[PDB]
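Quick heads-up: it's one chain on its own, the form deposited in one PDB entry, in structure tokens.
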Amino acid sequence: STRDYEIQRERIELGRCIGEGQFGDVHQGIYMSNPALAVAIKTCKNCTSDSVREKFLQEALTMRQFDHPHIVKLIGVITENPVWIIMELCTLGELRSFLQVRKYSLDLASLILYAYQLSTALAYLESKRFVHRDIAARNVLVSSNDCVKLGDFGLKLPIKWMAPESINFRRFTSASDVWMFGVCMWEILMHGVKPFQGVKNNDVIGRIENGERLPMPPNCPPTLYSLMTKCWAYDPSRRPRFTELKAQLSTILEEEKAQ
């Protein structure tokens, strides 16, 4: 039930389209509540069929259960047609593009901060025993210069980001997540460059079994690259826990900020 966070439509002013989620466009809006607050609104294209509506609204019921500095907050829902999900707005958009445009204006400490930040959230999700089953929707958003957040919308499987066991047996565990986090970390230090550029998806799995890994990013600290490669151990029982990563990242950030 949603009655404790049902929003009245007139309190929401739907603005410009800003991205796409799995179910429809995402809009910017102003929500008159405290203030008259900037929000992100998930919309739903074909919520005119019942089954799509159930799954769209499930995204909200799920988000509702978490409260963390680095996971996108649910503000509310409107459950009459047309159905909307009202989320906090991450002003500065997608991390990938953010890192690219800011390649020459973000220091190493910030890039590490982001990785650390995400690991605190992933550790929380692990402690809440959440299984995120929609891997294609996984994305990172920037709410400010010093704050990134997990989300399932933007501002077909990710073969290139996936653990080999996910690829061969469709096994998805806390460990496969760690593998993907490893890639996401690499991505961050590479200023939002995607993994395996030019390489075909099907030739990916072969290269991994051959011992090949994504190389050390320019200016990436050997301590942090070591963390990454541990995220990419083949035997998924060799990979570190997120709680292991949160801590290991915490002292790496301290080493840099001290310089």
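Counting begins at 1, following the sequence as shown. Basically, rigid core = biggest C-alpha set you can superpose within 1.5 Å across the two forms.
What comes next is about the form deposited with a small molecule bound, which is not displayed.
- Using heavy atoms and a 4.5 Å limit, would one call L155 a contact residue for the small molecule in the bound PDB entry? Yes.
- Query: Just to confirm, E88 within 4.5 Å of the small molecule in the bound PDB entry by heavy atoms?
  - Reply: Judged by the heavy-atom cut-off of 4.5 Å, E88 is in contact with the small molecule in the bound PDB entry.
- Message: I'd like to know whether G151 contacts the small molecule in the bound PDB entry, with contact meaning heavy atoms within 4.5 angstroms.
- Response: Yes, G151 is a contact residue.
- Close approach of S110 to the small molecule in the bound PDB entry, 4.5 Å, heavy atom: Judged by the heavy-atom cut-off of 4.5 Å, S110 is well away from the small molecule in the bound PDB entry.
- Message: Each of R16, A40 and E94 having a non-hydrogen atom within 4.5 Å of the small molecule in the bound PDB entry: is that the case here?
- Response: Checked in the bound PDB entry: all three residues contact the small molecule.
- Contact stretch among 20-28, 6-14, 233-241, 246-254 - heavy atom within 4.5 Å of the small molecule in the bound PDB entry: Selected stretch: 20-28.
- Item | Residue (of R138, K160, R170, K128) lying close to the small molecule in the bound PDB entry, criterion heavy atoms within 4.5 Å | Comparing distances to the small molecule in the bound PDB entry, the residue within 4.5 Å is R138.
- Message: Can you tell which residue in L125, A137, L106, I75 has its CA shifted by 2 Å or more between this form and the one not shown when the core is superposed?
- Response: Result of the comparison: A137.
- Message: in the bound PDB entry, the Cα separation between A136 and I78 changes by 3 Å or more relative to the shown form; did it shrink or grow?
- Response: Compared with the shown chain, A136-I78 is farther in the bound PDB entry.
- Task: Taking the shown form as the reference, report whether the CA atoms of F172 and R138 lie closer or farther apart in the bound PDB entry; the distance changes by 3 angstroms or more.
- Result: Farther, not closer.
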